[PDB]
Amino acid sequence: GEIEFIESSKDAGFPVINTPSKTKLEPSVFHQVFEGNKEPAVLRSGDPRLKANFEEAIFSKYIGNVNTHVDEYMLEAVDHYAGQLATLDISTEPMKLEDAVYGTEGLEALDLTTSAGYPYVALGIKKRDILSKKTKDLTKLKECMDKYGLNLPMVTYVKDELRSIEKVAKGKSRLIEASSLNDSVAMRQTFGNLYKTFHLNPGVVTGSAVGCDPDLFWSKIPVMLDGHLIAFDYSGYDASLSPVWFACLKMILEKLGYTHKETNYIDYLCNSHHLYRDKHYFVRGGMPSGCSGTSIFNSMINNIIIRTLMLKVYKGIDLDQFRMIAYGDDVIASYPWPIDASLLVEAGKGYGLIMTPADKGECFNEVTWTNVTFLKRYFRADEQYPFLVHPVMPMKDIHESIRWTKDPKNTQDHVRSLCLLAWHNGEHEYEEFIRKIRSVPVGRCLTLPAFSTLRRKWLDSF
């Protein structure tokens, strides 16, 4: 992706978007009890922790586009992946408005907490002023969609989250896009059944883990991923995507039965208009992370990409023996024979993609079930029930999270959530975690689950 054009918003009649000033992240009561290195991402240009130009840093992910047509390797990758998805019998019928807005199995209700986008943010109109969970009213929404239409600008926000020391100093904060409520709803009507099918079928047919529950899904992954593991990282996947990959996505959607008109929303994702504070800008390429379906569409594109690279380097590859699962840019895969990931990385560079060894590794090392990660979690089979596999979030990451809070009124829920991750590191680690939590008076006011209770519920969940 590439920023084609940027200018002062006032020159085009757009008001300034007043984004948050300071981080909502503050040190929690546990900040001193546990060790950690991460701090809130830089949100403003004057941040004294910066050692780089902030506005340059946050837009540097738009590294450019490779201008290529869909080639023979892509065409075969699209065909192969489309063959898998056809098994699911995805409906291309529009999802009914009430289901797409207020919830249905496989598609959670539209988040009423996030930005309504343009023009609502300039008019002080929040999502809750239009929608209501308890009434399921669609009257005001139909009014607003008629009044303002579709293909509205996106609003760029800086993501308020913990980041490493290096990423704070380099100013490399992440950006999230808010689609207009109008466009979010229309995309959920157009693709809602696709979204539902993906959420309800994580695994190697969708090639997707979006919406998975790691507590359950993790025992399935080694059954599905039979051979020699393949895994690698991307640097700035979303913004690196060139238009040719969106053309591939449109081809695959059309093979599933979507009309050319129904795939027009992919053009809305690919060629996008953005408001950022006092600036407005146009982007060609790049997935605009945060719009409707971007995790699923990133995952589908990744399924096309990896097959393309395998076909290009390993002529004679048999994709019917290839397996992969993606969560956006994150991939875990297998093939019955060894594959040199460094070769795929070079083929990826030719397509405008930046691929690196897995988990900041120095080289494209041997990937094993001991050292592979997915969704930042390791894989550890249970000592007693070897067919059940723990998702293991590192205690370092749990420690980083517990030291900060965006709202101390939610301490109980925050710490409980962290307990559900921590116990998979084993009983000795969990008891130490609980002991340190309880060394703060708040910690003894919390209802914390017992290790044996967590283990019992986990075993029983299967």
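Numbers for residues come from their place in the sequence shown, where the first is 1.
The PDB entry reports B-factors from which the mean C-alpha value can be compared for 139-147 and 241-249; the larger average falls on 139-147. According to the PDB record, 359-367 carries the higher mean C-alpha B-factor of the two stretches 359-367 and 182-190. If you compare the C-alpha temperature factors of 99, 215, 330, 177 in the entry, 99 comes out highest. Remark: of 225, 309, 86, 210, 86 shows the highest value [criterion: C-alpha B-factor in the PDB entry]. When the modelled residues of the chain are ordered by C-alpha B-factor, residue 153 sits in the middle third. For residue 395, the recorded CA temperature factor ranks within the middle third of the chain's modelled residues. Among the modelled residues of its chain, residue 294 has a C-alpha B-factor that falls in the lowest third, as given in the PDB entry. For residue 196, the recorded CA temperature factor ranks within the middle third of the chain's modelled residues. Ranked within its chain, residue 459 lands in the middle third, by CA B factor from the PDB record.
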